[PDB]
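Let us start with two forms of the same protein chain, each given on its own as structure tokens and named structure 1 and structure 2.
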Structure 1
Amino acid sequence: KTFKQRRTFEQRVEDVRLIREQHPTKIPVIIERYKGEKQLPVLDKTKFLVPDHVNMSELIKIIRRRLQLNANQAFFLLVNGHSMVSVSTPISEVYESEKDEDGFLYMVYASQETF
């Protein structure tokens, strides 16, 4: 069901290997919902494209926008199994940090910080 199951590693690798410079700037991101997350809506479009100078803040803002709720209920974005103590990090440095072997930067979201 997750994007790694729907696209093979090879397929993913050629997705990343070029959508990369038909938006040379941009960085590819798969945002999915935590499987055991009972309290949050499932937004569907998995594959996202983001501008680089952008920090995690704004990304959290837009995902908080397509999720239709009010900024006043807990939202957290984890990157791999790992995530920010700093929301001011540009998505570029985050990308160079936590990117997957297939070239996509993976993120999962929840109303809680659980394991």
Structure 2
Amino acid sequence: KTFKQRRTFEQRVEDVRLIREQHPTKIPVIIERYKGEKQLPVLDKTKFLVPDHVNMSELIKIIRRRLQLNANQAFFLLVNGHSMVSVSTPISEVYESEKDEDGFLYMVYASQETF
């Protein structure tokens, strides 16, 4: 069902290596809906190539637009399994510290702070 269950570790590593070769300025991001989530919709895809200069505040705005949310729908994003300490950090810096061993950056979204 989840990305890590659909693709082998070998397959995920090789896909991150191809993104380095073909899209060298992009961060490879996996974005999934929390398995408990009732309110927010699912995304149209799983794997996102994010320009490495955007900060987390802008990435939250990008994902809200992609989900076509309105102003009073709540949205919380986990990175590497946990809350973001700051939304001001450039995603290139977030990637270097929070990347998975497969080389993806894993994010999960919910309408409650309680995942």
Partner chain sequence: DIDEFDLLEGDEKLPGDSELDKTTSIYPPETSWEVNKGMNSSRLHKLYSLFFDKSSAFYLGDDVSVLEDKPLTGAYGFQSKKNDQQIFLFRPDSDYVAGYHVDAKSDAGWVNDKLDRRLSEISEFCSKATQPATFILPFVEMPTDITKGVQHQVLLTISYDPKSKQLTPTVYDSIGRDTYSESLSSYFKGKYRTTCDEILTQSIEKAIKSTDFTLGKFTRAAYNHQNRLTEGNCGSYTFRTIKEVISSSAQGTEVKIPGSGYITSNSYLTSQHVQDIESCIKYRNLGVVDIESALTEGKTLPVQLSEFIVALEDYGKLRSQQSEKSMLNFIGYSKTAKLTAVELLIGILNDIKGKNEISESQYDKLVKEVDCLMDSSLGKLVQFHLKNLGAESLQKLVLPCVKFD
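One-based numbering along structure 1's sequence throughout. By rigid core we mean the largest C-alpha set that fits within 1.5 Å across both forms.
Here, the chain labelled structure 2 is taken from the form deposited without its partner chain. When the rigid core is fitted, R66 shows a C-alpha shift of 1.4 Å between structure 1 and structure 2. A C-alpha shift of 0.6 Å is found for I91 between structure 1 and structure 2, based on superposition of the rigid core. Core fit done between structure 1 and structure 2; CA of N80 shifted by 2.0 Å.
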